[PDB]
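**Student:**
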Amino acid sequence: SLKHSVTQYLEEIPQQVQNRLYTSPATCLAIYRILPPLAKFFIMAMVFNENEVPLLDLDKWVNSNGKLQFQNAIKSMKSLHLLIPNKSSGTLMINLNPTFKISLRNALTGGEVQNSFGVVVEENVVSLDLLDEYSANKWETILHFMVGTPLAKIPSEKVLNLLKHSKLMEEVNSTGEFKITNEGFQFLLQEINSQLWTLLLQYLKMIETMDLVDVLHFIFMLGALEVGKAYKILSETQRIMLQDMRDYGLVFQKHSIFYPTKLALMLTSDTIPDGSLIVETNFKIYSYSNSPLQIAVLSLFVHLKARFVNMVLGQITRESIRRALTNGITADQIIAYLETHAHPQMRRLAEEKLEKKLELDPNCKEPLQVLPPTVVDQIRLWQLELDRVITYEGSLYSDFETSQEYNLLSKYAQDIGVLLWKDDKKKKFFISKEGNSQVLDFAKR
Amino acid sequence: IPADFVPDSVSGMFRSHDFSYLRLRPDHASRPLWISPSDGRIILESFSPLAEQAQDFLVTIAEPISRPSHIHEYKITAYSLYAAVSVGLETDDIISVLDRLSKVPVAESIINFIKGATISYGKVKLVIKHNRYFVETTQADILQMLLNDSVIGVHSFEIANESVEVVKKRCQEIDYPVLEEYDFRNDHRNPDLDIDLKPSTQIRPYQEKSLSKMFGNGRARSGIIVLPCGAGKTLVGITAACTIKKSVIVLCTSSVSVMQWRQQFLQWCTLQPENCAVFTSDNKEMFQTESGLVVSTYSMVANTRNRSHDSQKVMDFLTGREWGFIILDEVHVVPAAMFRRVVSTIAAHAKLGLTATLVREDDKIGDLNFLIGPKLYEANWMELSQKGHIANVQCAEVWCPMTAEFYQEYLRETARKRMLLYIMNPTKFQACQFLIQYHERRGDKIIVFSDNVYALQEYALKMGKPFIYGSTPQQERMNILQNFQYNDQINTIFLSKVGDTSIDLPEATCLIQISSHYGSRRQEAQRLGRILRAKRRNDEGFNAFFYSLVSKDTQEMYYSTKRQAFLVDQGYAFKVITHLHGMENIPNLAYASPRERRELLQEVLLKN
Amino acid sequence: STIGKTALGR
Amino acid sequence: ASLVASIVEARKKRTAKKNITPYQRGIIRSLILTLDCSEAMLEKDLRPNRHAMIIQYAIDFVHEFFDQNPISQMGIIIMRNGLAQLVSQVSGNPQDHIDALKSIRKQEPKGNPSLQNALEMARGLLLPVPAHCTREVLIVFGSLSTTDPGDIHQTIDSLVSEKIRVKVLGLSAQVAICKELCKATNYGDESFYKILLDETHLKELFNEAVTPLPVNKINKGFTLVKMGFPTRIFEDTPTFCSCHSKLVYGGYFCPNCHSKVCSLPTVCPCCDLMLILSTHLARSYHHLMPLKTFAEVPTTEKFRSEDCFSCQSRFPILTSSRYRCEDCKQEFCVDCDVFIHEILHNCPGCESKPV
Amino acid sequence: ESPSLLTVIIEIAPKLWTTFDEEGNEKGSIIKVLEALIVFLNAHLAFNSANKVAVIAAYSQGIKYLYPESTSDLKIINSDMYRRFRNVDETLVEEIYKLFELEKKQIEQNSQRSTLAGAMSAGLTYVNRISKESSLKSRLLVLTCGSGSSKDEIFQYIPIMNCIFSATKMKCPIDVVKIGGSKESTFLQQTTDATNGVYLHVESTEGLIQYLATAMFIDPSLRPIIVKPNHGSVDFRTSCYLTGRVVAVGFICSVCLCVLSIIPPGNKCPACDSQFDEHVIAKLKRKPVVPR
Amino acid sequence: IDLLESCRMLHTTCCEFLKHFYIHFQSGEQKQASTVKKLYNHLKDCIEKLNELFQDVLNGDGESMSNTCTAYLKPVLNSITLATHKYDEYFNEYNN
DNA sequence: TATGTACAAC
DNA sequence: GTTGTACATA
Ligand SMILES: Nc1ncnc2c1ncn2[C@@H]1O[C@H](COP(=O)(O)OP(=O)(O)O)[C@@H](O)[C@H]1O
Ligand code: BEF
Ligand SMILES: [Mg+2]
Ligand SMILES: [Zn+2]
Ligand SMILES: [Zn+2]
Ligand SMILES: [Zn+2]
Ligand SMILES: [Zn+2]
Ligand SMILES: [Zn+2]
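Residue numbers (the entry's author numbering), protein chains in the order written: chain 2, 5 to 213, 216 to 239, 242 to 263, 267 to 282, 334 to 507; chain 7, 100 to 252, 313 to 767; chain W, 297 to 306; chain 6, 96 to 412, 422 to 459; chain 4, 21 to 92, 106 to 167, 171 to 328; chain 1, 544 to 639.
Next up, the structure:
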């Protein structure tokens, strides 16, 4: 979803803006790395030659087996408008964008770049002691604040407004508190690369008059910069952007000089399992994780009992599951966490259990399940316990002079989807509070 | 906290249970054991090397809590430690093994607890001579510790036969836990009995392991052997009696179970019938041979007030002789208020206790320590299930929604009358009938249990099937059981609390529950045992069944989740069935129309 | 695992 | 001392690898794989069982055998119900043997073994083998007893007369007849009877047998073998193959009769002329000019460079973490030494050094 | 999909490129090749941010690792370019400057045998080190100049043929780019064909970037889906031992496996001093039988 | 299917004679000449059969399948004629 | 302490 | 068939 999410946004931006976005080679070098491997191969073939190559020639390069990948590569390249198709004399000639072409040539051949990659002050700082600690503490604060665990230093208003504006960490003044949402749980389960891009995409969507092109010229350029070195300061809009990014733990700037951090490089590309847990039929949990994050997220729907340096053991209980559902976490997500973070032993036993059921019949009687069915049934059964009684706010309509009138008003509510219950014998029906005004207005007319 | 130990930001979620202050050893990937430095709980990885080497050592020193598929969980307590030392074990061996198998270093708190629970074993020994109990000791120094004891009163002193239960319990508190060993090899005063296991016998591995923990040093150890229901505890007792080669007495908590001992006993060993005698309410003749066998029940041995002239002679016959071996079947009932007197009246050199479940509601379970001895061996239920020794079971818990007509009275009525009200709900009748029909078409033998006699008879008459309960005579119930085993027409039978334990039905393969005792977890395990010995327990794809019909939104659900707290520990998984497929298409169902349902409500409320 | 089915009655 | 213990163990292991003389080895081989499928193979000493593990390693051995000995032949025999059952004829196709082994994996082993029956069958399969090929039998024995219909001693004498060689891999302990069979057949050497002590040792034993067996000095079979190097062709239309009589798009063309073949290296089905590629012969050059072992350089003397000559790895700063080649006198890291003598077969320093 | 390591093996020597310049009309063409290589390496670093670069130069008296620089700053290139690209390009040129000056010092030194086999062997060792250290692919590129008339390539057979098998074990395609008069190199061509590599021969140094970016830019992650632009067809044949002519059908000694187009003189092998039995060799000498 | 099976049938038998002819031709024993002559005659007949099959396909399928039929059996036919040509050349050298 | 149920005896 | 007594649980 990393390259898809960034790519998808770039397909929405008007082409008139994409052409201007390709002016800075720093952005093009990063945009070049997001395309599929086939796209990069074709782009590198067209960049160095100032000529038009027919689409048929490109098709010849790909083998019959890899024909499917060719359709995706061209579709993604054409959607970004990086590839300009023109037909002349019955030949579907294919060319490269001149702005993108020039930008790549300068980057590879080291031509004039107008400081797209920035400059270096030659005043390096220790990265392990400061950059790692600074971003790790800053990233930990936002993560812990999201998980809901108590923590002294709360995030600044900038990111806090971003969270509330987004589906992350729903907050209500009347309640006076904040809690995780359905999307919040998914965000916490996403890797660091995705955990950062989602916040940036929300920030880029919430930005209102810095300049859109300037924002991207900074985000992509940040990936170009290498961690552990100084960089002199840039656009007027980017200055406040740099300060804003300082609150997300991506850059360190004390009190004229800013320094990128591990997360800045993590944005561009990527970089037993930590987090794998065993769930028994006794509703117990034994997680092989040693980290404040993996433990904190488990506490959302688990009742932790003790901790060891190498593992944490807990117990699934009705109170814990109820505590998670009250915050809006769906049971379907809980099983996903337990399924996607299962220990190899559970998978091996399930495969052996499935293997003992594979040769017997083609149907196999079951798909592979890592964790015992009873845990799923109890978790889903508890969710039903929360929806035991259903209440709707609305009004009851009665005392109808004529049956036709009762059917007319009741049928109208059904048409607009605001009818919740009706009874022909009693000439009574109930409608949701949302549709009350419409029904009353229809009644008068 | 033997360090700076900076707490983690999430350490608050663990209230004084954070055990991160200690560090991990470099060989963690091999060592399978985690030890809790505070509560004594031990977590074992059953999927790692040295797991088998620890599954037996931990059982010896620690009582299991839960043993699911992958991760086991033991716990060290004074009771469990007492058992290990009694069989013979020093703190050095336990510490060496525990440290060698622990991913983390053994904390001082656990070391102190184990060291504190150390005994000078073998100093005091209780012996029997001509029905006289002498507390003999191997050194004279012990005399200053015993003769000067407040409670009491190559050196020995006399003690009253009935007062043995006082000295033994006192011996538990003065740091000298007495041991009851028997040198049957060197015992010539008692007339020997020549009985041996016939060549056709084949002792299973776990049976040999259980006996080795008893006769490991050559002297018959007095203790308790715990094996899953249907594991063959009867043959374990037979082998123990056969190897001891002395007069033996057996006590079992029924008359049907007494008979099945005699049948199995005459089968597995060569003890001729002339040397066997059964002491029950039907017949009371005793063997005239020099050394023989007596198989009886607690109810016939524990009565004190009034005994019949024919049964008083038998009791004198039992008491007069100095028996050489006593086997207590279902030993979870011996520490009762009166049943424990069977241990003081009938003199016996070696006492063996056989039971599948070693739990009970009250705290008297620990009384077994000073009555018959410690716990010698315990076997995992799942281990024997995967080896084909006992049948696998797919347990289930069916939720039968109570109808509005009956549920409206379930609220107003009192507690003592609620039980009979949610046991006879019409939906349960439909569920039971459908399941019985489905399994009967499957060629299965079904057993139905009901702690309520009124419900049992009502169900039996409605379905026209036989039932057994307290008032049933011995001959009738024995005939019913035999027919249910061999008769093709009799596919299913209704049982009650009488057959809840110690009845052998190899043909049974399915079990259904419509009623149950209030909250006893032991009864659930014992009932499940009836089907764990199914004959066709090895054919491919076989799966026995155990249904528990309960009433939705009733106090029975409170007990059902509490009545299966022991099976879950052993590893059994209970699933919830909210609907029975193909149940509506059945032609006829009981109380299908409102008229019949209303009639039942008026009929049941009359008794209320 | 049948959890979303109708009531067991009849 | 823990780190020192590992180094001395490595030095001891290197001791056996220090004496590398260019022994004359028979590159062209003819192997017969006798596997045991009897009641004794139903034990659980090797998880899951002896039969399963042996077959699995046999498949891996087949893959390795043909990869390093492309111009050799192999056959497979199984001992079942006191009789020898043939499951694969002597052939150079690695896929046929693997297919036979997979089929055997299903049938349960039962009965008693018979070395004489298996050896007698091996004597027959190897009879139509040229005099320039080394006739070898690799028996994987698992039982402690042998039930035979005749005198095993007579068969052992017959094997020696036919210049056959036998390697026996036992499972439980030594057997007197197997020791005599391997000793009287290998010119008195007693190193050809190996008993595994665990699963890991078993993998090494099969892997060791892949290498060619050095020949004896008094056993001379020198000769010239008529070989052929075909040229691959690319045809537009499918054509019938001369070996399987099926339609294949490609295939090599024999230089003696122009008949086409599907895969190499195989003997031409028309002129009975062996067809091979230059690569097939190059695979065995390292068995005729083995690379001289590298000797640990003492820390007393001074070193040339701080980094490896081949991989440019900083030498970790007691013991010198450098290995030098006498021919070129260039230091090497510990990692390179393993890769230069196992995967590669040429010293980069020697090639780089001009002459 | 995944990062891929690129290991370039450039064969630079005064005797090779000087002949290339004299034969043609291009002076200083080595500069053109060096600039093309610098651009090519930068392009590889642009395909992904997790792929490394390695350059090994085979000079007249040995080999030298141009990049990465040994642990043991004139401005050839402008500093305006990307930091990562500059960090590699600048080091490469500086090592080039050092090596050529060293070569100029030993110009009078006698070097008769090329050092291409050693460089390829060293590159394979580097590939293993990267693979074992730190899930990374690999690719070898041999940029050799064949214009210079080689003395004898026979000694390059045994080493090069050994690299083929090693390269096939680590899934490391080796591509070869040859700049010289000879159209085909029977040893290099076999190396590319048997290792899923690409062999390309170019006569003109100018426009080399187009060839490099269009032919040798295929990463290991997408080899199965791109058809190689290789045009030449190899025969996988070897020359005789005492005649030097390719043999389609001949005789090989069973002891040393040395090819012989004809029966060796003296009825004795010329490579291992092994005497062939007179009767057995006479069998080969027999002629076809036709009815009288 | 019928034509394809016949082609394989003809191909299999033609190669069998080719194998036998080469075995008896490269044996080096003079006595084998008599057998070689018989095998040589069989090869000549095989050529006629292959040509006849092509004619049968040519006039049966109207050249639609003859081109494919010849291609499927082109290598085998080429091998047979080469074997006969080698026999004739050596026969001319030896006898003539 | 009360209440079911099962058991032995008269 | 009934009365005096245990055991197992609220
Ligand atoms: N070794 C054995 N051989 C044959 N049958 C056995 C063996 N051990 C136990 N059984 C059978 O197991 C069943 C249950 O035995 P039993 O001793 O009544 O079990 P438990 O008392 O442990 O519930 C009986 O059918 C018995 O014959
Ligand atoms: F443990 Be058994 F059912 F007597
Ligand atoms: Mg029993
Ligand atoms: Zn073929
Ligand atoms: Zn041929
Ligand atoms: Zn190295
Ligand atoms: Zn060397
Ligand atoms: Zn030779």
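Where is the CB? At the ideal position from N, CA and C, for every residue including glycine.
Taking the straight line between their C-alpha atoms, what separation do you get for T31 (chain 2) and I17 (chain 2)?
**Tutor:** Here residue 31 (chain 2) corresponds to residue number 27 of the first sequence, with the count starting at 1. Here residue 17 (chain 2) corresponds to residue number 13 of the first sequence, with the count starting at 1. Cα-Cα distance, rounded: 15 Å.
**Student:** Can you check whether the C-beta of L123 (chain 7) is within less than 8 Å of a C-beta belonging to chain 2?
**Tutor:** Translated into the one-based positions of the second sequence, residue 123 (chain 7) becomes position 24. Chain 2, which has a Cβ nearer than 8 Å to the Cβ of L123 (chain 7), makes this yes.
**Student:** Using three-state DSSP, classify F410 (chain 6) as helix, strand or coil.
**Tutor:** Residue mapping note: residue 410 (chain 6) aligns to position 315 of the fourth sequence, counting from 1. It is coil, neither helix nor strand.
**Student:** Measure the C-alpha to C-alpha separation of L376 (chain 6) and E396 (chain 6) and round it to an integer number of angstroms.
**Tutor:** Locating residue 376 (chain 6) in the fourth sequence gives position 281, counting from the first residue. Locating residue 396 (chain 6) in the fourth sequence gives position 301, counting from the first residue. Near 42 Å, if we compare the C-alpha coordinates of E396 (chain 6) and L376 (chain 6).
**Student:** Considering Cα atoms alone, identify which of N469 (chain 2), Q440 (chain 2), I378 (chain 2) is closest to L360 (chain 2).
**Tutor:** Within the first sequence, residue 360 (chain 2) is the residue found at index 298, counting from 1. Closest option to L360 (chain 2), Cα to Cα, is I378 (chain 2).
**Student:** Within 10 angstroms of the Cβ of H403 (chain 2), are there 16 or more other Cβ atoms? Answer buried if so, exposed if not.
**Tutor:** On the first sequence, position 341 is the one that residue 403 (chain 2) refers to. Per the 10 Å Cβ criterion, buried.
**Student:** Tell me, to the nearest whole angstrom, how far the beta carbon of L586 (chain 1) is from that of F560 (chain 1); I am working on the premise that it is less than 8 Å.
**Tutor:** If you number the sixth sequence from 1, residue 586 (chain 1) lands on position 43. If you number the sixth sequence from 1, residue 560 (chain 1) lands on position 17. Sure, about 6 Å apart at Cβ, within 8 Å.
**Student:** Below 8 Å on C-beta distance, what does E455 (chain 6) contact in chain 4?
**Tutor:** Locating residue 455 (chain 6) in the fourth sequence gives position 351, counting from the first residue. Residues of chain 4 passing the Cβ test: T148, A150, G151, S154, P195.
**Student:** Quick one: list the residues of chain 4 neighbouring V66 (chain 2), beta-carbon separation under 7 Å, in chain order.
**Tutor:** Working through the first sequence from its first residue, we reach residue 66 (chain 2) at position 62. The answer, in chain order, is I261, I262.
**Student:** Just to confirm the assignment, what range does the alpha helix (DSSP H) spanning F149 (chain 2) have?
**Tutor:** The residue given as residue 149 (chain 2) occupies position 145 in the first sequence. Note, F149 (chain 2): alpha helix (DSSP H), 136-151.
**Student:** Are there 16 or more other CB atoms within 10 angstroms of the CB of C289 (chain 4), so buried, or fewer, so exposed?
**Tutor:** Position 253 of the fifth sequence, counted from the first residue, corresponds to residue 289 (chain 4). By the 10 Å Cβ count, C289 (chain 4) comes out buried.
**Student:** Using 7 Å as the cut-off, classify the Cβ of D663 (chain 7) as near or not near the heavy atoms of ligand 1, replying yes or no.
**Tutor:** Here residue 663 (chain 7) is taken as the residue at index 504 of the second sequence, counted from 1. Checking every heavy atom of ligand 1 against the Cβ of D663 (chain 7), one is found closer than 7 Å.
**Student:** Quick one: Cα of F701 (chain 7) to Cα of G215 (chain 7), how far?
**Tutor:** Position 542 of the second sequence, counted from the start, is the residue given in the question as residue 701 (chain 7). Position 116 of the second sequence, counted from the start, is the residue given in the question as residue 215 (chain 7). If you take the alpha carbons of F701 (chain 7) and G215 (chain 7), they lie about 49 Å apart.
**Student:** What is the chain-ordered set of residues for which the beta carbon lies under 7 Å from any non-hydrogen atom of ligand 8?
**Tutor:** Going by the Cβ distance cut-off, the answer is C289 (chain 4), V291 (chain 4), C292 (chain 4), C294 (chain 4), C305 (chain 4), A307 (chain 4), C308 (chain 4), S310 (chain 4).
**Student:** Please report the residue range of the beta strand (DSSP E) in which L764 (chain 7) lies.
**Tutor:** Within the second sequence, the letter at position 605 stands for residue 764 (chain 7). First-last for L764 (chain 7): 753-766, but that is the alpha helix (DSSP H), not the beta strand (DSSP E).
**Student:** Suppose only complete runs of 4+ residues qualify. What are the alpha helix (DSSP H) ranges in the region 347-409 of chain 6, listed by chain order?
**Tutor:** List check, alpha helix (DSSP H) in window: 373-377.
**Student:** Give me the Cα-Cα distance between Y282 (chain 6) and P309 (chain 6), rounded to the nearest whole angstrom.
**Tutor:** Here residue 282 (chain 6) is taken as the residue at index 187 of the fourth sequence, counted from 1. Here residue 309 (chain 6) is taken as the residue at index 214 of the fourth sequence, counted from 1. Rounded to whole angstroms, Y282 (chain 6) to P309 (chain 6) spans 12 Å at the Cα level.
**Student:** Would you mind stating whether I298 (chain 4) and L320 (chain 4) have Cβ atoms separated by less than 8 Å?
**Tutor:** Here residue 298 (chain 4) is taken as the residue at index 262 of the fifth sequence, counted from 1. Here residue 320 (chain 4) is taken as the residue at index 284 of the fifth sequence, counted from 1. Taking 8 Å as the Cβ cut-off, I298 (chain 4) and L320 (chain 4) do not qualify as a contacting pair.
**Student:** For the region 175-189 of chain 4 and the region 32-41 of chain 4, state whether three or more C-beta atom pairs, one from each stretch, are separated by less than 8 Å.
**Tutor:** Short answer: they touch.
**Student:** If we define contact as Cβ-Cβ less than 8 Å, is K319 (chain 4) a contact residue for chain 1?
**Tutor:** Looking up residue 319 (chain 4) in the fifth sequence gives position 283. Answer yes: the Cβ-Cβ gap between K319 (chain 4) and chain 1 drops below 8 Å somewhere.
**Student:** Are there three or more Cβ pairs, one per stretch, closer than 8 Å when the region 415-426 of chain 7 is compared with the region 501-520 of chain 7?
**Tutor:** Not touching, per the Cβ criterion.
**Student:** So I259 (chain 6) and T241 (chain 6) are in contact, right, with Cβ under 8 Å, and what is the actual spacing, rounded?
**Tutor:** On the fourth sequence, position 164 is the one that residue 259 (chain 6) refers to. On the fourth sequence, position 146 is the one that residue 241 (chain 6) refers to. Actually they do not touch by this definition, with Cβ atoms about 18 Å apart.
**Student:** If the criterion is Cβ atoms closer than 8 Å, does the pair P327 (chain 4) and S570 (chain 1) meet it?
**Tutor:** Walking along the fifth sequence from the start, residue 327 (chain 4) turns up at place 291. Walking along the sixth sequence from the start, residue 570 (chain 1) turns up at place 27. Taking 8 Å as the Cβ cut-off, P327 (chain 4) and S570 (chain 1) do not qualify as a contacting pair.
**Student:** Beta-carbon separation of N76 (chain 2) and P41 (chain 2) under 8 Å?
**Tutor:** For this step, residue 76 (chain 2) is matched to residue 72 along the first sequence. For this step, residue 41 (chain 2) is matched to residue 37 along the first sequence. No. Outside cutoff.
**Student:** I want to see whether chain 4 comes within less than 8 Å of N351 (chain 6), judged by CB atoms only; does it?
**Tutor:** The residue you call residue 351 (chain 6) lines up with position 256 of the fourth sequence. Yes, because at least one Cβ of chain 4 sits closer than 8 Å to the Cβ of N351 (chain 6).
**Student:** Any beta-carbon of chain 6 closer than 8 Å to the one on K173 (chain 4)?
**Tutor:** On the fifth sequence, position 137 is the one that residue 173 (chain 4) refers to. So no, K173 (chain 4) is outside the interface.
**Student:** My assumption, with CB atoms under 8 Å, is that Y79 (chain 4) sits in contact with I32 (chain 4). Please give the rounded CB distance.
**Tutor:** Along the fifth sequence, read from residue 1 onward, the residue named residue 79 (chain 4) stands at position 59. Along the fifth sequence, read from residue 1 onward, the residue named residue 32 (chain 4) stands at position 12. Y79 (chain 4) to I32 (chain 4), Cβ: 6 Å. Contact.
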